[PDB]
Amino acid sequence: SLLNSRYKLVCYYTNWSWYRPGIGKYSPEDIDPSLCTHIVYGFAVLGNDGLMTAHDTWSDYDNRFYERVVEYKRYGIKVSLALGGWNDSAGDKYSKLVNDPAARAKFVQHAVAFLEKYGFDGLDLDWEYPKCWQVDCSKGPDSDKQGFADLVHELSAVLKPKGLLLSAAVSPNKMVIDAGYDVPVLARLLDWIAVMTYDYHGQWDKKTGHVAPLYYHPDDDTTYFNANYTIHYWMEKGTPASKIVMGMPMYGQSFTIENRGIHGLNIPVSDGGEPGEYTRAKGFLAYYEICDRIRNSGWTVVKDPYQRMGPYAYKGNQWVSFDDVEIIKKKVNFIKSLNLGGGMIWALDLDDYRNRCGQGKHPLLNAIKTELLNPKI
C-alpha cells in the first residue's frame, strides 16, 4: 500500500467541486482512501481581520465538509487544511500579514486552534506567491520573502511540538522561486514542499504550449519551464529530495487557436479554450472532459515519442494539453529516480473518478499509485 511505501502521494481535495452538474459533482465520500497518503483540503482563506477562516460556510461547516474529509484519518491518511489558493492570492492581504510581526503572532495562535477544532493534522500554505502576487513580481515587496520565512518559522514553532504538520505548495518558476522563497528556511522547517510543476503554459502565453512538460523541448522559449529544471532547481537552492513532492495535473490547459490549419505547439492563440460543461472555466478542462472529447468527439491526439511532455489534443479551433497515463508513468519513474518524497495531484475531482471514459475509475491517480509501488525504476 502507499502508506507502507517510502513515498507520499498528496491529493488535493477542492470544496467547490461539489457545485458541478451530474457526474461532475464531487463530494467528500467520493475520496478513494486507497489512492492517497495525504489529503489537503482546498481552501481556507485569509479573513479581513487577518485570521484564517472558512471559505464556504455552507459546505465546510453547515454540511460538515471539514469533518467529512477529516474522516479519512481513520484510514491512516494525514488530512491537512490548505490556506490560500490562486483566487485568495489576488491582492495584498498575505503580504500585509507577513510583513507585520504582530499580525503574524495573532494569526499563528488562532490558526493552530482552528486546525485543532476541526481535527486537521496540519496546515498547508498556498499563497501564490510571496513577492510575485499571482505571478506578477512587480507587485509585492522583496520583504515578502523574509516575512513568509518568518511566518513559516512561527507556525512551525507552534505546530511541531503538537505533532502537527506544516507544508507549502510552491511555484515552479525560477524567477518566482528566486524572489519569493528563502529556500533553506522552508526546506528545514516544512514537512514537505509540494512543487506545483504544472501551469507552465496556458492561454496567457498567447500561443499553445504544454501545461506540464517534464523535459526541455528544443522549441521552448526558455530552458527553465519544465519539471526537470524546476525540481533540480529546488534542490540546488537547498531542498532535500525527501522534502519534495512533485505535482502532476489531473486537467489540461485549453486554447482557442487563431487558425484551424496549424495545430502544433507554439501556434498563435486568440483566447482560452471553450469552457467544459462540468468545470465551466475558460482555458481549463478536467481529464474526464478531455478523455471524453478524445473517445467520443473525435479530437486528434498528438503524443511526444521522446516523452518529454504529455499529449495535446485538438478539434477545429480547440486545443488542449494534458497528461495521460503514459507520461504519468514516466513522471513517477522520474520521482523514484531522484528519490523524491513522492507525488502530488491537483486534484482528486478532475481525474476520471466515475470511469466516464472506460479506462477504469481514477485512471491517472491509479497510474501514479501503481508506478510508485513498482520497485523497478
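Residue numbers here begin at 1 and follow the sequence given.
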Stretch exceeding the other in mean C-alpha B-factor - 309-317, 335-343: 309-317
Entry-level comparison of average CA B-factors, 368-376 and 2-10, reporting the higher stretch: 368-376
Residue with highest C-alpha B-factor in the PDB entry, from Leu81, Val211, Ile267, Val152: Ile267
From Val301, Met248, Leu165, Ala194, residue of greatest CA B-factor: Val301
Third of chain Cα B-factors occupied by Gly47: middle
Lowest, middle or highest third - CA B-factor, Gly252: middle
Third of the chain, ranked by Cα B-factor, where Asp351 sits: lowest
Chain thirds of CA B-factor: placement of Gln109: middle
Lowest, middle or highest third - CA B-factor, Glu71: middle
